[PDB]
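In the form deposited in one PDB entry, a lone chain appears below as structure tokens.
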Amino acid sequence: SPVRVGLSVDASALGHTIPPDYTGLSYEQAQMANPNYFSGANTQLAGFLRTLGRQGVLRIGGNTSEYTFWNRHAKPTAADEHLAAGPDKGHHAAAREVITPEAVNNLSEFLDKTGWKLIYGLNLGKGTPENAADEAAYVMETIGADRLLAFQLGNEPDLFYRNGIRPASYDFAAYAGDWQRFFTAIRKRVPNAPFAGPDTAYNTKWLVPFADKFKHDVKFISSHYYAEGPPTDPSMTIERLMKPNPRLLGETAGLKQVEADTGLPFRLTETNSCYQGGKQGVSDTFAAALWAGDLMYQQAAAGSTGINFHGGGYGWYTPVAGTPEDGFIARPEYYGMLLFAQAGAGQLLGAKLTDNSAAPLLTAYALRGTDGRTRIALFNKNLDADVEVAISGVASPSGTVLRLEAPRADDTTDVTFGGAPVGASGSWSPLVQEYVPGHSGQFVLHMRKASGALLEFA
């Protein structure tokens, strides 16, 4: 029988207002070597972003940001015209790539077709300040201040050493002098250049002193997060992915304190399920839709300004897979982001679960939407327990449910939202939308194990 849980929505318990550009994706800077990829002509990839949000952020960076070399006279290799750069697996040095004005021209048209804003990595790992100044100037010239949210001066500088980019002795003090040199050079060329940093996992030895030192030089703090890894570790399972992650709660609390001490908001500029490109059997499954949807709400409730799920190529954890030549598809994780896209923006509300200790991985979020209608995003992340949710605190003549479903937690396909798969170019409409049982003040919703649901009340 289902676990019988109570959900109390409290319209007077005001949480954070979710911004309209909360959602986003992160890609490898190597992908900019292919001017066909981030292009006005990539109508397929553009459709997938527009469906994730009318407003959102495209972040370009990753380990490949230390291996990409902007040049004003560069042209793409014939290999570059066909490159699909998936997530760097973080074993060896990435391949050297060149970025061309043509690729930056085409990125502008892509941002025009998607309506999204840009976070743009610069090569602090291996490049020169003067070349970063020049690439920033061209990007400002072509993208504009309105669409360009921030430059980032290196990716995971705290990992440079492990990755062979700097010697073992490289520390925050060394990165701060590097950061200051790039910053100064870029500002000579681009006086209004916006920045974010330090573009790594929260920690005490890099992210906290970054904020204190560079607080007058940045728009916001940029953090990374992987739930799991390494992928060779048999610990890293769907079971563990469905559980609360105490490292995440701590880093989130670290970010809120930085915001208190410096006034700087925080965005999770690079995140996914499992690091080193993801884990087959975990990252590429329906479980990843429950994890991603849940994370978006959890970080929104904590006061995050937004999120950027890393992906590209056919990476195990990519929300969107494919190429201009072969087309694009929505991986399971995409469906978690689609639930958030359909909820829309508004102000988070109090939503308390009781009688739920035998279904402890059920999470719930209530939202007063910008259109005034109440919504509830539920993730039944229990792999073995069905739930029956008695919903109080909502007075409404009628609620509907869109279900986030696959026949098994580990399915790599068979993922639907609202009784429908995503189609070509991000096309989606609900084909199954049932009413929630009960009346004003007492709704009852069933959810099978390992399912999700979005409730919308009139």
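Position 1 is the first residue in the sequence shown; the rest follow in order. For clarity, a rigid core is taken as the largest C-alpha set superposing within 1.5 Å between two forms.
Heads up, the form deposited in another entry isn't pictured, but that's what we're talking about next.
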Entry of 266, 206, 179, 120 that shows, once the rigid core is matched between the shown form and the other one, a C-alpha shift of 2 Å or more:
206
After a rigid core superposition, would you say the CA of residue 276 moves by 2 angstroms or more between the shown form and the other one, or not?
no
Using a rigid core superposition, assess whether residue 382 undergoes a CA shift of 2 Å or more between the shown form and the other one.
no
Following rigid core alignment, is the displacement of the residue 247 C-alpha between the shown form and the other one equal to or greater than 2 angstroms?
yes
